[PDB]
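# pasting an experimental structure, sequence included:
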Amino acid sequence: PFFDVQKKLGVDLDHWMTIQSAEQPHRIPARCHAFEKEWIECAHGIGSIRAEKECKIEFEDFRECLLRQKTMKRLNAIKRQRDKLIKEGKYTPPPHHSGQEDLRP
Amino acid sequence: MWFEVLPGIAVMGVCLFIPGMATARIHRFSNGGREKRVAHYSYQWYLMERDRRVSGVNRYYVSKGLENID
Amino acid sequence: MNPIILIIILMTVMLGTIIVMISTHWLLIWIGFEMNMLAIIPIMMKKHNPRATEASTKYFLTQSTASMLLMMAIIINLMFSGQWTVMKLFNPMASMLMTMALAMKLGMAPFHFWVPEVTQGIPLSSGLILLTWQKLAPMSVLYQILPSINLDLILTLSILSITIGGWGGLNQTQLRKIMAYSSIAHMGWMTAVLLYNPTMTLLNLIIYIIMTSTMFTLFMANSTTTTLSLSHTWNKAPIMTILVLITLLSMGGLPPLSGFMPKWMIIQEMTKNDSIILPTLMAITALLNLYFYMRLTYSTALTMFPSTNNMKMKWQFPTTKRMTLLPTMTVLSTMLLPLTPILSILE
Amino acid sequence: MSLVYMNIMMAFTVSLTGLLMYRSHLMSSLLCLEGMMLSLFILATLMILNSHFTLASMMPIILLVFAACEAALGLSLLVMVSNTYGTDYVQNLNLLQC
Amino acid sequence: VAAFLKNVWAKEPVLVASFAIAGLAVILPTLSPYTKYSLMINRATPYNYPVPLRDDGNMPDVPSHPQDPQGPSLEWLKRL
Amino acid sequence: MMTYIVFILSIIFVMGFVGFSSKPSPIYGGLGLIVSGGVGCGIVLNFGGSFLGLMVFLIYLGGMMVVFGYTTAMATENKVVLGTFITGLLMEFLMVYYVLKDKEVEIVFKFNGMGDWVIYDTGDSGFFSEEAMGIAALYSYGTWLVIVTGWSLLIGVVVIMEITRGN
Amino acid sequence: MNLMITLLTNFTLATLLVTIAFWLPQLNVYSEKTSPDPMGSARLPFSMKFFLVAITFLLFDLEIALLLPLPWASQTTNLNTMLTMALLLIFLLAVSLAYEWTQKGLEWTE
Amino acid sequence: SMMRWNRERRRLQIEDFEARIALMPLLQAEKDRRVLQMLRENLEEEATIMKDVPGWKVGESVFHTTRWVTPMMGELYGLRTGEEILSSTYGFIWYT
Amino acid sequence: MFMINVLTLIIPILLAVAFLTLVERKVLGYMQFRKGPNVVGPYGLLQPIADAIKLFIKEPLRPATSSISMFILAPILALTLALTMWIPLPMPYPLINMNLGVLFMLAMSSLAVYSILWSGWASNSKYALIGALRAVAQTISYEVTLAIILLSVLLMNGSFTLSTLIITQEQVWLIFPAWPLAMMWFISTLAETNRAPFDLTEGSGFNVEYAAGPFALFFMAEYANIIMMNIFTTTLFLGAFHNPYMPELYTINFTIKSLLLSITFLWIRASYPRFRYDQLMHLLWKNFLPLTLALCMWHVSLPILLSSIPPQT
Amino acid sequence: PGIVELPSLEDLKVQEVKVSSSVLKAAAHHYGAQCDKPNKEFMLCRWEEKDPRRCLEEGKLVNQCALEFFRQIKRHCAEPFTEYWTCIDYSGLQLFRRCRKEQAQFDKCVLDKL
Ligand SMILES: CCCCCCCCCCCCCCCCCC(=O)OC[C@H](COP(=O)([O-])OCC[N+](C)(C)C)OC(=O)CCCCCCCCCCCCCCCCC
Ligand SMILES: CCCCCCCCCCCCCCCCCC(=O)OC[C@H](COP(=O)(O)OCCN)OC(=O)CCCCCCCCCCCCCCCCC
Ligand SMILES: CCCCCCCCCCCCCCCCCC(=O)OC[C@H](COP(=O)(O)OCCN)OC(=O)CCCCCCCCCCCCCCCCC
Ligand SMILES: CCCCCCCCCCCCCCCCCC(=O)OC[C@H](COP(=O)(O)OCCN)OC(=O)CCCCCCCCCCCCCCCCC
Ligand SMILES: CCCCCCCCCCCCCCCCCC(=O)OC[C@H](COP(=O)(O)OCCN)OC(=O)CCCCCCCCCCCCCCCCC
């Protein structure tokens, strides 16, 4: 049983640590505040059975914000192709990716 | 008498004087005649790396003032 | 033990279970389980003999391993969901680990290997606390994560608990090991209907707590810890034999008694869901529980085993033990089946 | 996911299988349990710092304190067993077979 | 109520000092006039950027320049 | 080599666990868990959790493992151990060789083979540490958490003094 | 990086001085001899009291681990709550010491 | 003495924070141009590396949404030398 | 350049530990109406050198140890932790200017009991093991008041930065608002490093089973900890004037104060009889710890009632 | 999904404020006094659009108005300001509290001449 005493008595014992989108000290945002805000505002009140299949896009964007699976897979792809082209001698790294260009600011 | 102990205390005091004096000299030597930049917080490191990028010699301790802008 | 310290420690056990029940954060679930274990350790070492220290060591090792698996499941949920809400789990690895951890806390088979040992090592009031109050927290956590539980894992745990708790009590003469294998079988019954209708899980939990509390309260009132010590009760106080008769015929699921109320309703919620084979195996396996219950009724109520001479002295003194709620528990654990549609209050 | 999480999870499983396969002593079991706790601490800390989720920075300390209190309780049990048989051997704890 | 106090100050002066310091530490923040200024300083320390507002037209209490008169003032902190 | 440094520390971490999960003796096991705590502190410190790594030193190693070694020194005074050690080390090196020759692996979850420097943030947190402020919020926001932790520690004192009494 | 260089230098100097101190008089040849303690061969009696002071240290050290973010927590804006919970943690540490006192737990190591 | 001097230290801290607040729009604008510079350079090098790969879309986002996502460390420094990577990803942590 | 900075830290540490033995024997000489060593060098200045060259060619004791590895690693950990306590000390500028240098020093001084524990377990004598367990229980006892006094003091600092603790004390020594914490701090640092009247490892000590070389290494780690804790007490209560353009004013000033405080250790070991073991456990758990909790509550609630909360930065 | 939209390298070119951090921190309060409006339009645009790509043009106004801030120092009070930011630049934490009289000379020259 989930005796919801916190909603009954109106006290906030531990809802504050529950999500990243909650209120943080000195307004420090989490790295996936916008993604989790979109996922929670999608999935609020519609129940979990509708929320697993009607908020799939928001939750997959939020999960890939969390773990960065697709991003690191894409960086593996680009770095692997780059190293293959350097090994074949068909590509050269540019001056700004060799560290010789007096950075912007 | 009691002043015989002062040579040993003086040698121990010189050995305690060496590390701080030497690290002050080394900090003034490695940083353009100035103190070492204290970066405990992320904003201080961002300003320090911005100094390193605008100095043009990849040393943060080369201070560019009004002679650099037009 | 100081009575003030005993009150504070039992309030700490109850506060740990309440923190598991009322909180919306996984760290507070874990804190409640840690507090519950930390406070129930002196209830087991109340009498300070080597068997209670061995039972407390086995309980510590199993519940600590379970709490560490529980925290690993919480942490993988934090990986794959970024949030701490006590609801469904967002990874089948976290779901498997949390169901394993709660199985180790409930003593469901094949993680049951601490329950007949620890209950044998500790007193009867502490065994009452272990077999009744310590089931309320993990069944609540299982109640709240049931959209994430794999059906195959929880049903394997359920039927394996029913069969092992059935075959376990057939070889036992110690009353505490009989009640412990009875515990394992009834936990299998509670978790088998959990993903189909968890209201029947709460119903079986309440009826089980009433029947186990009745039997441990009768054992405490009569100071009987083995079968043969329970056999002397007809010569000391005969009404207790009638009460253990009606309570053990209740716990075996025999109608018209109220221990038939859970499992019938459990069958009533599993034949809805196209499952005929599994509640049939469950019902047929429950006859083993009913067999060793009938063994205890043959030794206690339906025959008269020979007593000793010194029992004649114990006729001259009344029972002064505070048999708290024993007539209320004995009425509620037997005569409650005509009130079977009261179960909707658990919805 | 990240590469360091593989090593911290494999560390947790190594300390688990050490805790799930006793050799002789109860102290070695408690040490494997606290290695499990240490790996959970490191893993929770890397997630909470990685995501910049601010309020859960007080989470691993809690995960320390309770579990360390747990270890204290375990050490007490070990001592009581070692006051009965002279050693902390887990093969002395076999009275509850009967 | 006082003979006991001289008794415990003779026998255990460390515990009398301990409970006196702990008693002052509990009751005395409720009695000081300066406990308000702790909060009034700790909210007036700007760790964040004071993100400006879109001027709709009805904000007479919000300035349009930092040196405007209206807005929160920290002259109480300079003066005290 | 240096861009993998956190990874490298984690390797030593796992090596240290095979140091004591193999359980050679509880005292060498305590030493292995001390070395593991040191390198896991290094893992935490290389993300910016300075306070949490110093809690690994001050409270875990210097506070609790002291009590483990202290109790062990007053309560205790093969080939299975060596085989367990080499088996765990070889499984770890096979994992390292796989994820370094493929840059991707899947034991139970999918794991990238790149350095874990890639997943960081490219911003600054101003005149605080985010981790120090999240721990400072234990007293302002975390009231209930402080209540249950202080009650569990008081009850921990009570429970230890009850069960170590023997009466 | 400068810290790791400093730690490695200090550990290297420590290891080098330990290697000197164990191996510089191994160049000496001096002799050999037999060389066979208040207790002779009796095993160490377990003193319960040293274990009690160790566990009491551990519990108060966990309470100190809770108390450590107070210099950072004094900067908060919820100062009445912060002051209440700070004084409450130090009061529960005092209650732990009072219970450790009055149950004779601090005895013969008072 | 500590009352007067800690009040003075709070006034000096507020002065330094107001200096930072006056500087933050310039540093924010320079940071925006910095990260857009690095992403444009990485995009052009991705377009000239990922040509042989069949079915490759250069600059395809891994997110379904069209919202700006804050670029990861490996998205900016994924194609640079190891010194710039180490200096940018462990510079503040390893600074003394 | 930085390796030069590390060596100019740690070599004069070892030389100051060397001449601390001469200063100790001379000051304990004159406080006992006699002279200390003055034959060997001119006024005795070659006594630590003669002592070291004697000890490093003494025969090893060649013992049977229960463990080779911990018998080796106890002086290694001793010298390593005794030398790395020096690196965050702002004097006027630290070697490693870290944000949590106070917490670093507290954690590394908490790790030093493993040298006592391992070097007592490595000796085969069980009575030596009893001495090691008593010394470890003493040290971990007084670490409690180290931590709580340190926290109660740094509530007036604002952060765990050691270098900010100079900026704190530009107007007053921090021994004026916190002298009871100061005097309990001084006794607690006196009881950490096994210094009289708390040296119960003189009476069997834990390291009576080592050779003369490794005993000299344990001894010099002990004295490095003595000079270090006196410098730490100097920075933390008796903080000096700091000119950013002439740092040697701060260096000479904290040097003179740290020498007077180390001489005060020497002047305390020649003045009092030793505590019995339960009497210093009574000193900690029943005298220092209630006052330390009371003054901790007072220094929590005191910047709030005075509106004198220090800045974080 | 979609191709990400990034502006060109010609869109990102602007005359940089190539001064150090102490040169900025020395003139920080007069910058916040005098360069209020483009900085606040930029940070309002930056917190509302939540996208740097929508805040390029306003960002250039920031980099347009800071330089006009410094030229007007370089025309009139280059010597008191150089004497002031050098003293700010010596300190490791870059304190204001160590440099109050060069601050008084610089603020005197700014208040008179500008
Ligand atoms: C850090 C800079 C230097 C510091 C000072 C260095 C110089 C001084 C060194 C002196 C020599 C020390 C050698 C070792 C001494 C060991 C003995 C020892 O310490 O015993 C401790 C003794 C122990 O007591 P005892 O054992 O002597 O007495 C008997 C005690 N019973 C009954 C329990 C057996 O005293 C203390 O613990 C006192 C600690 C400090 C107390 C500070 C009190 C501050 C004032 C509080 C308020 C009082 C007013 C009332 C309330 C007002 C409210 C408005
Ligand atoms: C959705 C669910 C939410 C939760 C709902 C409520 C769940 C209630 C679960 C009840 C579990 C009871 C646990 C055990 C009792 C707790 C109090 C206790 O510790 O009692 C033991 C006590 C010890 O006495 P002692 O002296 O130590 O015994 C040795 C001999 N001298 O005293 C004794 O030993 C005295 C002997 C008799 C004790 C009888 C106690 C009976 C309590 C249970 C009543 C039945 C359950 C309540 C109704 C159903 C609720 C589901
Ligand atoms: C940071 C500061 C650290 C300071 C550390 C050092 C403190 C002590 C400083 C030195 C004190 C004075 C030393 C005097 C040594 C004795 C001199 C002497 O006259 O020795 C006589 C001896 C035998 O001479 P003989 O030929 O027999 O005489 C017959 C005459 N008809 O002749 C001999 O024995 C031969 C000569 C031996 C000389 C030894 C000198 C001492 C060496 C100490 C090592 C450290 C030196 C300083 C290092 C730091 C500075 C570089
Ligand atoms: C028996 C074995 C042998 C025994 C002898 C040798 C071992 C014991 C003695 C050495 C102990 C090592 C302690 C290392 C960590 C100390 C804590 C620490 O690093 O704190 C300093 C600092 C935090 O301060 P902060 O200013 O916040 O961070 C910089 C950002 N401004 O943080 C930083 O600056 C972080 C710097 C980068 C990360 C450095 C990580 C180094 C590797 C970890 C420890 C390796 C040793 C492992 C074994 C230890 C055994 C206990
Ligand atoms: C409300 C604010 C918060 C209060 C709590 C915070 C406390 C902070 C300090 C931590 C103290 C922790 C440990 C306290 C233990 C107390 C129990 C005790 O020590 O009792 C025994 C003692 C006699 O000692 P004995 O047992 O003989 O020991 C042998 C050698 N002494 O017995 C005694 O010495 C008698 C002790 C009781 C009488 C003391 C009276 C003190 C009066 C101080 C001024 C008024 C304070 C008002 C506050 C409320 C007091 C109730």
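Looks like it came in fine. Numbering: from 1, shown residues only, chains lettered A, B, ... in the order given. Ligands and ions are numbered 1, 2, ... in the order given.
# contacts and neighbour counts: CA atoms only from here.
Fine.
# the helices in the chain, which residues?
No chain was given, so I picked chain A. A:5-8, A:33-43, A:47-54, A:56-67, A:69-88 (DSSP state H).
# actually it's chain H I care about, not the one you picked
H:2-49, H:73-76, H:82-89, H:91-94.
# can you tell me which of the ones you listed is nearest to chain I?
Nearest of the helices of chain H to chain I, taken as Cα to the nearest Cα: helix H:2-49 at 4.7 Å.
# what's the closest of the helices of chain A to residue F:121?
Closest approach to residue F:121 among these is made by helix A:56-67 (11.9 Å; Cα to Cα).
# same for the closest one, what does it pack against?
helix A:33-43, helix C:50-81 (3 or more Cα pairs under 8 Å, 6 or more residues apart in numbering or on different chains; DSSP states H and E).
# near chain A, anything from the helix or strand following the longest one?
Going back to what we said before, that points to helix C:50-81. Proceeding N to C from helix C:50-81, the next assigned helix or strand is helix C:92-106, under DSSP states H and E. No. Helix C:92-106 is not in contact with chain A by Cα under 8 Å from any Cα of the partner chain; minimum separation 14.5 Å.
# contacts for helix C:92-106, please.
C:62-63, C:65-67, C:69-70, C:72-74, C:76-77, C:89, C:109, C:111-112, C:134-135, C:138-139, C:141-142, C:148-150, C:153-154, C:157, C:187 (Cα atoms under 8 Å, 6 or more residues apart in numbering or on different chains).
# just give me the neighbour total for residue 8.
Using chain A here. 8 (other Cα atoms under 10 Å in any protein chain shown).
# oops, I was thinking of chain H
17.
# report the separation between it and ligand 4.
25 Å (Cα to the nearest ligand atom, to the nearest Å).
# what does chain B have sitting close to chain E?
Counting by Cα under 8 Å from any Cα, no residue of chain B is near chain E.
# longest helix of chain B?
Ranked by residue count under DSSP H, the longest helix found in chain B is helix B:6-29.
# what about that one, near chain J?
No. Residues of helix B:6-29 contacting chain J under Cα under 8 Å from any Cα: none, with a closest distance of 9.9 Å.
# most centrally placed residue in the chain?
Since you didn't name a chain, this refers to chain A. Nearest residue to the geometric centre of chain A (Cα atoms, centre = their mean): residue A:65, 1.7 Å.
# contacting residues for the residue nearest to that residue when sequence neighbours are not counted?
Computed as Cα to Cα, 6 or more residues apart in numbering or on different chains, the closest residue to residue A:65 that is not its neighbour in sequence is residue A:32, at 6.2 Å. Contact analysis of residue A:32 by Cα under 8 Å, 6+ apart lists A:20, A:62, A:65, A:66, D:51.
# surely the second one and residue A:35 touch.
Yes. Between residue A:62 and residue A:35 there is a contact under Cα atoms under 8 Å: 4.9 Å.
# closest residue of the stretch 101-250 of chain I to chain G?
residue I:213 (4.5 Å).
# in which helix or strand does the residue nearest the centre of chain E reside?
Geometric centre of chain E, nearest residue: residue E:38, 2.0 Å, by Cα atoms, centre = their mean. Here residue E:38, judged by DSSP H and E, is contained in helix E:35-42.
# immediately after that helix, which helix or strand?
helix E:75-79.
# buried set for that following helix?
Residues of helix E:75-79 include none that count as buried (16 or more other Cα atoms under 10 Å in any protein chain shown).
# got the contact list for it?
In contact with helix E:75-79 (Cα under 8 Å, 6+ apart) are residues E:41, H:11.
# could you dump that helix to CSV, C-alpha only?
Output of helix E:75-79 as CSV, limited to C-alpha atoms (Å, rounded to 0.1, in the frame of the first residue of the first chain):
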residue,chain,number,x,y,z
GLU,E,75,21.6,51.2,1.9
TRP,E,76,20.6,49.4,5.1
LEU,E,77,23.5,47.1,4.6
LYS,E,78,26.0,49.9,4.2
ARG,E,79,24.7,51.8,7.2
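# these two touch, right, residue E:21 and residue I:296?
No. Using Cα under 8 Å as the test, residue E:21 is too far from residue I:296 to be in contact (9.4 Å).
# give the contact list for residue 78.
Here I'm looking at chain A. Contacts of residue A:78 (Cα under 8 Å, 6+ apart): H:46, H:49, H:50.
# actually it's chain J I care about, not the one you picked
Counting by Cα under 8 Å, 6+ apart, residue J:78 has contacts residue B:66.
# check which helix or strand the spatially most central residue of chain D maps to.
Nearest to the geometric centre of chain D sits residue D:33, at 2.2 Å (Cα atoms, centre = their mean). Element membership of residue D:33, judged by DSSP H and E, is helix D:26-50.
# right, is that helix up against chain G?
No. If you take Cα under 8 Å from any Cα as the test, helix D:26-50 misses chain G, and the best it gets is 14.4 Å.
# show me how far that helix is from its chain's centre.
6 Å (Cα atoms, centre = their mean, to the nearest Å).
# give the next helix or strand downstream of that helix.
Next along from helix D:26-50, by DSSP H and E: helix D:59-82.
# helices and strands around that following helix, which ones?
helix C:26-44, helix C:50-81, helix D:26-50, helix F:50-55, helix F:143-163, helix G:48-67.
# now those helices as TSV including distance to chain B?
Output for the helices and strands packed on helix D:59-82, formatted as TSV (distance: least, Cα to the nearest Cα, whole Å):
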stretch	distance to chain B
helix C:26-44	30
helix C:50-81	26
helix D:26-50	15
helix F:50-55	11
helix F:143-163	28
helix G:48-67	23
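# could I get these as a markdown table with distance to ligand 3?
As requested, the helices and strands packed on helix D:59-82 are exported to a markdown table (distance: least, Cα to the nearest ligand atom, whole Å):
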| stretch | distance to ligand 3 |
| --- | --- |
| helix C:26-44 | 57 |
| helix C:50-81 | 56 |
| helix D:26-50 | 45 |
| helix F:50-55 | 35 |
| helix F:143-163 | 52 |
| helix G:48-67 | 41 |
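# and these: which comes nearest residue F:26?
helix D:26-50 (5.2 Å).
# now do the contacts for residue 53.
Picked chain A for this. Per Cα under 8 Å, 6+ apart, neighbours of residue A:53: none.
# which single residue in chain J comes nearest to chain B?
Closest point on chain J to chain B, by Cα to the nearest Cα, is residue J:92, at 4.2 Å.
# quick one: that residue from chain I, how far?
9 Å (Cα to the nearest Cα, to the nearest Å).
# got the contact list for residue G:86?
Counting by Cα under 8 Å, 6+ apart, residue G:86 has contacts F:139, G:67, G:70, I:297, I:300.
# and the spatially closest residue to the first one that is not a sequence neighbour, helix, strand or coil?
On the basis of Cα to Cα, 6+ apart, the spatially nearest residue to residue F:139 that is not a chain neighbour turns out to be residue G:82, at 4.8 Å. Taken by DSSP: H, G, I helix; E, B strand; the rest coil, the conformation at residue G:82 corresponds to helix.
# residue D:17 is in contact with the residue nearest to the centre of chain D, correct?
No. Look at residue D:33 against residue D:17 with Cα under 8 Å: they stay out of range, at 10.2 Å.
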